[PDB]
Structure formats: structure tokens, C-alpha cells
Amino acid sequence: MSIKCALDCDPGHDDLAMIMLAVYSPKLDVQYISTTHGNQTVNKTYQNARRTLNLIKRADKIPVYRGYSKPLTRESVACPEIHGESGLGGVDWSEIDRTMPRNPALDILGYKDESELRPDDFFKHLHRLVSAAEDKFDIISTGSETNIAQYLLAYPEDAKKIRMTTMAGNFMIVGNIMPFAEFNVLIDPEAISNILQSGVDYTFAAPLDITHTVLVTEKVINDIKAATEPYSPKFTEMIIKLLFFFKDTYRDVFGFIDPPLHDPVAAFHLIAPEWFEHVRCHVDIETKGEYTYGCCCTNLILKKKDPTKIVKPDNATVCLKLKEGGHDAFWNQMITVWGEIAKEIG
């Protein structure tokens, strides 16, 4: 039984890997991809999502929506377009760009071209899916969560029928872009704060706690090559170059011998949650902090001290680690998908 889902993301090298996993996994039935602002503008993340789909021969099959350009109440941190940063550095996209098929979203919306795309386009599609869902509809989110916050402001009564599985936050280790907070939260902390208060069933499936243990080592690289290079050496090198585009920065700035892979871990949670530990708690997102906005603050310590003197209700599930065998299961899943993509590319 396949699980219908939507992907909300900001590709982004990590997000590209997540899309690949979600789309090629037979267990996930991707209905649409919506893109958000991030390190680059939402127009660039839109193009990068479509680049990903076209590379894997699915750009004619999956509608892609271009979402909101900035946070709810804060400024974008996106580079100016005059920096000339694609957001998917490391490879030449010129062939993928020029062979790009028509976006199926355009026909859904009755638009003639992509210049008509508006941030709230995805709303009606998501509402159809939420309404049709027997229990809850599954959204995988691996960038800022502005798009989902905007949706819930327009459709508050849908919150109770949405399940979110995200790459976001840090709990028992420190942050990345800021001392104690993670990029996806700190770029729009009000958005995640809204979502947690809305009635959404929210899982922090892939915080830094987990993703910093999911490292692209030499062993992983050789496993990738073994699975892909017999079928498409060109795809092999593309995927390696993308995985290692920020390897120097991770090493020199962040002390990483081998770089982490974040976003696909969230999709893996929807595919195979048995590999993850889970704990329910109350998560407060810092919004007032001058230096600490986006911190994910929990009552986990108070639960381990004095369980039934706890005031605030649980509003989230947090996955703090993978179980034994979980890392191997994750890499086997990713390698399988990359192998299948390699076969289709040829």
C-alpha cells in the first residue's frame, strides 16, 4: 500500500536527494512538489526541483508549485540573484534546462506559462488531497515551513487532517547556521510555531541530532559507484559532485571529515519509521530571542524528572536517533533508488 504525499522543499543538494528517494520509492506516491525560499530565491528552488525531476525522467509526471518568496514576518536570507548562485552548484544543468518538459501544474491551474505561477497555487490541490484522505494527509517538509504556515492560515480546519514529517531543528546537539538553531527553523520560526499550535500531527523526523550521523563516507561513495556506474557513469559523477559540493565548508567550518545528508532522512521516516526512535513532548520554538530565534526548546528534561507534574500538552514527536541497523537501512534505500535512476537514464 503506497502512501500519498506532497513534498515541500528548497533544493538545495539535500532536497534533490530527498526528491529522488520520494519519487522513485514505490512506497511513496508523490502528488506534487512545492518549493519555498531558502538560501536562494523561491524562483531558483522551483527551477532546481524541476531540474531534479527532469534528470530522473519525471518532470512530465509530477506538478511543481512555486511557493512563497519570504518568511511570514521576517526578511528573506536569500542571496541576491546578482550573486549568480544556482542553488545546485557542482554540475552543468544546461542540457537538463533545455530539454525541460511542460510543468503539469500549468494545466491543473489553467495557466499558459510559468510566469503566471503564484505562491498560493498549491492550496486547492492540497485541500483536495486533505479532504479525500481517510485519516490524515502526509506532507514531507525539508526547507522553511512558510508554505505550510500560509496554507494553514487559509485553511485552519485542515490542520487536524495533516501529518507533517520534517527535516528541521536540533535538540540534544547545537545548531549549524546559528549557535543553537538549525537553518530550516531559524529562517522562519514563526511558521513552525504556528504549525505546532495549529493541530497538525508534527514529527521532527530528521533533526541535526540524526542527520549529523548520516555521513557521506568513502564507503558510501563506493557503494553508490557500484550501484550506478554500470548503468550510467554520467549520473554517477553528477550525484557524487552534488553530494560533495560543500565538503570543504563542512570540514573547515564545521569539523566534518565526511559531510552529512539531511533531507532524504525525513522521507525515509515516512517509508520506514521502524528505524527511528520516537518521543512525544511539548516543543516551544523561540521567536523573541535576538540570537536564539528558531531554537527548538522541549520539556523532555521535565518528563525524565517528574512526568505527572507537567503542564503543557504534547504537540510533537521528536526522533532523537536511528535504531541499530537504521543507518545501513537508510543507505541501502538511497543506493537502491540511485541504482534505479541510473538504469532509467542509461
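For every residue, the number given is its place in the sequence shown, counted from 1. In this text, rigid core is short for the largest set of C-alphas that superpose within 1.5 Å between two forms.
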The stretch that moves more in 4 other deposited structures of this protein, judged by RMS C-alpha distance from this form after core superposition, 254-262 or 106-114, is 254-262
RMS Cα shift after core superposition in 4 other deposited structures of this protein, winner of 245-253 and 135-143
245-253
Determine, among the other compared PDB entries that model residues flanking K304, whether at least a third leave it unmodelled.
yes
Averaging the C-alpha B factors as listed in the entry, name the stretch that ends up higher: 200-208 or 110-118.
110-118
Mind pulling up the entry and telling me whether 81-89 or 145-153 has the higher mean Cα temperature factor?
81-89
Quiz for you: based on the deposited Cα B-factor, which of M164, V265, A227, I195 is highest?
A227
Which has the highest CA B-factor per the PDB entry: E286, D314, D306, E290?
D306
On the chain's distribution of Cα B-factors, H125 falls within the third called lowest
If you rank the chain by CA B-factor, which third does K27 end up in: lowest, middle or highest?
highest
Temperature factor at the Cα of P273, chain-ranked in thirds, falls in the middle
Should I62 be placed in the lowest, middle or highest third of its chain by the C-alpha B factor in the entry?
middle
Entry-reported C-alpha B-factor of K160 relative to its chain, by third, is middle
